[PDB]
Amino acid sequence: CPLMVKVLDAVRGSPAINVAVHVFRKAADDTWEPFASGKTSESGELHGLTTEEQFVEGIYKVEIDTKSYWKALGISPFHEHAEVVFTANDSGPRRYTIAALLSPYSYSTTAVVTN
């Protein structure tokens, strides 16, 4: 599991469950092509997005559908979604954990990179 996503809810003090996540990889023509997708579990985590063999060097975009999350809770959020863009495995295979803390008008994202 080289890529993991963790989403938390800052308003309810709980994991953000059933949040849709789409991952894209920048193609040779500067276009974003679908790479993987899924929904966060009851623990607010999403594992098994890819494998070490498939997760090659490149620029990846992790899109978290925050809008749908807040709408489902009856809250009108500011952002359409939260995006995290980064170059991965540029100096060898690494394990990436992308974390996001969500609020209606704000969000924070941090990355923990392991070797």
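The first residue of the shown sequence is 1; numbering continues from there.
- As the entry records it, the average C-alpha temperature factor is higher for 68-76, out of 68-76 and 33-41.
- Between the stretches 24-32 and 43-51, it is 24-32 that shows the larger average CA temperature factor.
- For the set 91, 103, 14, 97, the PDB entry assigns the largest Cα B-factor to 91.
- Residue 110: CA B factor in the lowest third of modelled residues in this chain (values from the PDB entry).
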